[PDB]
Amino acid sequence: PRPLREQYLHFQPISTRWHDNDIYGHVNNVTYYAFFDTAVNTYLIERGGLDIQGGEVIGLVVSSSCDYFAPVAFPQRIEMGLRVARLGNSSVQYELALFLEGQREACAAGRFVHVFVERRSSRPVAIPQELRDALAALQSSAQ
């Protein structure tokens, strides 16, 4: 059952790279998680003010998963759908889907989970309110 574009709120284009393709010629399964990491964090920096260089609070990835429906290959143009399934105190569950640009049905769809912690000590903390506001803005309307 394949996610559709209209089921996500925010989109990030990601350009494909030569070595995204593996030996069998399609984007390797691993690379999809790099797209997930890149899509989520691009948004938290651009919209939630996240300071990756010097911020006191960082997101740890505690879990992730992906289902792969149909392949894509460098150099096809792809775009990530991003939404938030649940925003908790200090953790957040994201759902994502990769689409060919100019296509309705996702090639792959996944999820991952951030827990926000103090940079040095890794103690869980309140999502800075700026980040909270941006995360809530991605709230899934799916079903």
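Start at 1 with the first residue shown and count on from there.
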*Which is higher in the entry, the mean Cα B factor of 55 to 63 or that of 101 to 109?*
101 to 109
_Mean Cα B factor from the PDB record: higher for 114 to 122, or higher for 26 to 34?_
114 to 122
*asked:* Ranking every modelled residue in this chain by its Cα temperature factor as given in the entry, which third contains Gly88?
replied: highest
_Among modelled residues of the same chain, the CA temperature factor third for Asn21_ = lowest
